Amino acid sequence: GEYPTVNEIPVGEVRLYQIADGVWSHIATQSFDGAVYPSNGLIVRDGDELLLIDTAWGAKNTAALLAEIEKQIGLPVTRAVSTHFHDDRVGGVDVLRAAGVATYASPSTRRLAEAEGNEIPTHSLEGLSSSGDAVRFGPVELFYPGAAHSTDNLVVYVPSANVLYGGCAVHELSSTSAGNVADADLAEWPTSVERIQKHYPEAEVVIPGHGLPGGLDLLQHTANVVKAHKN
Ligand SMILES: C[C@H](Oc1ccc(CN)cc1)c1cccc2c(-c3ccc(CS(C)(=O)=O)c(F)c3)c(C(=O)O)[nH]c12
Ligand SMILES: [Zn+2]
Ligand SMILES: [Zn+2]
């Protein structure tokens, strides 16, 4: 019942965590440049179907995610959104697409994924190209806060439950560093976080791209660690 960590997640298996009624996170682990990392995604019930947010970081992890969803929830995943272009968000899109899931991302994410050699979601999400933009997608709202962890990062809000999924633009409270910042805009990131804070002041659960969910404090903490990283 505690939030899963790598010490309970061998690379290749996936765990789900119930966040609220009809909202789960998914947690998987992956190795990258010789270190092991956890990463989160989201599952949101969409009537008798499910909307998936982000892959489980890899083809085999994403196959394991689909099997875990079938075991624990038993409703079909019909659509998936990837919230930026890195492999913890799109790696596994080919698995999803061969399992009949329609895969979506912003045009910016699709272009960056293609240029990087990462898997490419099929469908483009328009209406998200300017910071502050929001669109509805099934039971969620997608929001583009501006450049942060990456120039294309999206956040996801579940209005029925006041769940804010920040993705990799939001870090967990225990973080001491701003993660992998190679594609980040450290100067713009606090402004983008401020936009999230202004847009979703009633969020009750905030889920980072990696690590433990918490409350709204994750947003200010993220701004703090980014500003200190920059400096
Ligand atoms: C999936 C991502 O791939 C790449 C990212 C950039 C590039 C540049 N061409 C190439 C590959 C990736 C690969 C490996 C690690 C990461 C991390 C990361 C790193 C450290 C922490 C602990 S912390 C906040 O306390 O420092 C953390 F939570 C997350 C993140 C993220 O920050 O989103 N992305 C990661
Ligand atoms: Zn990333
Ligand atoms: Zn990440």
# chains A, B, ... in the order shown; residues from 1 in each chain; ligands from 1
>>> residues_around(residues="residue 168 in chain A", least_positions_apart="4", cutoff="10 Å", atoms="only C-alpha atoms", output="number ranges by chain")
A: 39-40, 83-84, 86, 88-89, 148-150, 153-155, 172, 178-180, 207-210
>>> select_by_dssp(residues="range 29-217 of chain A", states="strand (DSSP E)", output="ChimeraX atom specification")
/A:29-32,35-46,49-53,77-81,102-105,123-124,134-137,140-143,155-158,163-167,205-208
>>> closest_residue(among="A:214, A:167, A:41, A:74", to="ligand 2", atoms="only C-alpha atoms and all ligand atoms")
A:167
>>> closest_residue(among="A:140, A:36, A:63, A:99", to="residue 81 in chain A", atoms="only C-alpha atoms")
A:140
>>> atom_distance(atom1="CA of residue 108 in chain A", atom2="CA of residue 152 in chain A")
5.8 Å
>>> residues_around(residues="residue 116 in chain A", least_positions_apart="2", cutoff="12 Å", atoms="only C-alpha atoms", output="list in words")
residues 85, 86, 87, 90, 91, 109, 110, 111, 112, 113, 114, 118, 119, 120 and 183 of chain A
>>> write_last_selection(atoms="C-alpha atoms", output="PDB file, in the first residue's frame")
ATOM      1  CA  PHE A  85       9.499  13.362 -26.237  1.00  0.00           C
ATOM      2  CA  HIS A  86      11.873  11.451 -23.939  1.00  0.00           C
ATOM      3  CA  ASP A  87      11.889   7.643 -23.739  1.00  0.00           C
ATOM      4  CA  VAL A  90       7.194   7.648 -25.654  1.00  0.00           C
ATOM      5  CA  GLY A  91       9.313   4.529 -25.283  1.00  0.00           C
ATOM      6  CA  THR A 109       6.681  16.339 -29.056  1.00  0.00           C
ATOM      7  CA  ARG A 110       6.234  14.404 -32.291  1.00  0.00           C
ATOM      8  CA  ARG A 111       8.889  16.479 -34.079  1.00  0.00           C
ATOM      9  CA  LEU A 112      11.359  16.175 -31.195  1.00  0.00           C
ATOM     10  CA  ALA A 113      10.791  12.439 -30.856  1.00  0.00           C
ATOM     11  CA  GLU A 114      11.335  11.957 -34.594  1.00  0.00           C
ATOM     12  CA  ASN A 118      12.481   7.974 -30.236  1.00  0.00           C
ATOM     13  CA  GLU A 119       9.129   6.315 -30.887  1.00  0.00           C
ATOM     14  CA  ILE A 120       6.563   8.650 -32.395  1.00  0.00           C
ATOM     15  CA  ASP A 183      16.756  19.552 -22.733  1.00  0.00           C
TER      16      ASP A 183
END
>>> closest_residue(among="A:105, A:184, A:193, A:219", to="ligand 3", atoms="only C-alpha atoms and all ligand atoms")
A:184
